[PDB]
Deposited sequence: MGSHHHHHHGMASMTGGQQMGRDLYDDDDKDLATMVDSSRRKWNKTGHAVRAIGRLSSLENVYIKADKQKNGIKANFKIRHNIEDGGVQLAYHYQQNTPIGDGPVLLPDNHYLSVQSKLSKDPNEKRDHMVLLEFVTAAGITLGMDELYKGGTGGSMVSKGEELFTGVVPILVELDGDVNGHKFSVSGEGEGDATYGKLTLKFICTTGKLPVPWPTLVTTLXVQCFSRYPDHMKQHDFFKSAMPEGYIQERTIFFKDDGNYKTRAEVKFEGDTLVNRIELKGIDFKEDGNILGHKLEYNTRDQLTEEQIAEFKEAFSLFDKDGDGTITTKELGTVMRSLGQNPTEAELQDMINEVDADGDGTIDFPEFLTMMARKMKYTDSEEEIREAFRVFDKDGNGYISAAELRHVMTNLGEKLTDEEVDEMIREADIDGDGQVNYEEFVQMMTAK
């Protein structure tokens, strides 16, 4: 019956492979350091997403030699939670961060074990001031951080999720073939200055400056933050963002991702190659080049082997499900079906898409699908009915 799921997930998979969701790092020779750019998604409580576009620069505090890396990225897995015995406004954070993006230093020695962390933030967003203190520990062997933060000035005037990126990338796990690309540990113990501008789409921006360095045996991140131009009714000052992660995979969701994986993995060997990916995308009426295919795989290719293996696919789909897609992204998916751009998916346009995915399909399982999605009753699927089908 409902294989709006199978094809829904394949659309989600291709959308993910066509997007840039990681933390992209590049050398900045003029500053003897690095710069980064990335996009963060903050789910909006009532539906929708609030995008936050980050630009970042890091410069070493010391004069010692540092590693200036080839282009690569960090991939972050975050989980936010609450301490049931904590009365104060607070956030508990657990993060695993790994570098990738490149295919197959003295300061790094400071990170072979568990290192205590302290974080201190003083903030001012549209004149609303606040401070946060955090403490915990990092275990870079696994890319792992555990921290608890408290708003020490009372009530935090912005949502906790918007501060996560600001509140120690020296704890990232760099794989063995990428150790010469880890600028962050190479700058230790004297540390680095990290600066960002963060643009919240349709809203204001944060500007941050931080000093990250060892003070005795503790890695300390001391930050100032200034936010301007926020809407007093927007998602940030109006506190409309979801807090809790949404990290639960109902095992049959995993079975669903497996079914989607098999659309790509047509030889059944448990990994997707460029040839397989290209075969799927041509069937959907696209024509990416070999280089575009390699770049798409590289975006999720944790091990650098040039293919997406089943666990790498599960990891990418888990993250795609955790965060809401923007209207622009959903419209792009909708355009895949709405081939004539009239704003309506007809049973003919729908036939075409699935029948190209290899869905041996006839003529009433098709219409049973239209029926499922067809809420107003006009015999077609419009954008708003489509949005729901992608949920």
* Structure fact -> Coverage holes, deposited numbering, ordered by position, sit at 1-39, 144-158, 222, 447-448
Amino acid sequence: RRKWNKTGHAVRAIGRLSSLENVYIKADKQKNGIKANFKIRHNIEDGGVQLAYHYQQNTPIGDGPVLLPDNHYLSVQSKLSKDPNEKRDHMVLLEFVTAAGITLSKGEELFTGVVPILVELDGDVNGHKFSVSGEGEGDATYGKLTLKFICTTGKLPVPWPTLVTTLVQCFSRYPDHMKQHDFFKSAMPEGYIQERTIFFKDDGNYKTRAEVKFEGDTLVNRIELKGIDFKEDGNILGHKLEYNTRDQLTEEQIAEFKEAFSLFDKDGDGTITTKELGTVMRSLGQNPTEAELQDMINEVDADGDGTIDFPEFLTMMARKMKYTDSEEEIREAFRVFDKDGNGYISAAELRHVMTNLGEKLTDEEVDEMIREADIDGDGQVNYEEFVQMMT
From here on, numbers count along this sequence of modelled residues.
* Structure fact -> Per the PDB entry, mean CA B-factor is higher for 282-290 or 260-268, namely for 282-290
* Structure fact -> For 31-39 versus 333-341, entry-based mean Cα B-factors point to 333-341
* Asked: Of the choices 212, 170, 92, 104, which one's C-alpha carries the largest B-factor in the record?
  -> 104
* Structure fact -> Entry record, C-alpha B-factors for 301, 202, 276, 247; the maximum is at 247
* **Chain thirds of CA B-factor: placement of residue 316** => middle
* For residue 352, return the chain-relative third of its C-alpha B-factor as stated in the PDB record: lowest, middle or highest. => highest
* Structure fact -> Assert third(CA B-factor, residue 365) within chain per record equals highest
* **Within-chain third of residue 25 by Cα B-factor, per the entry** => lowest
* Structure fact -> Of the three thirds of Cα B-factor ranks in this chain, residue 13 occupies the middle
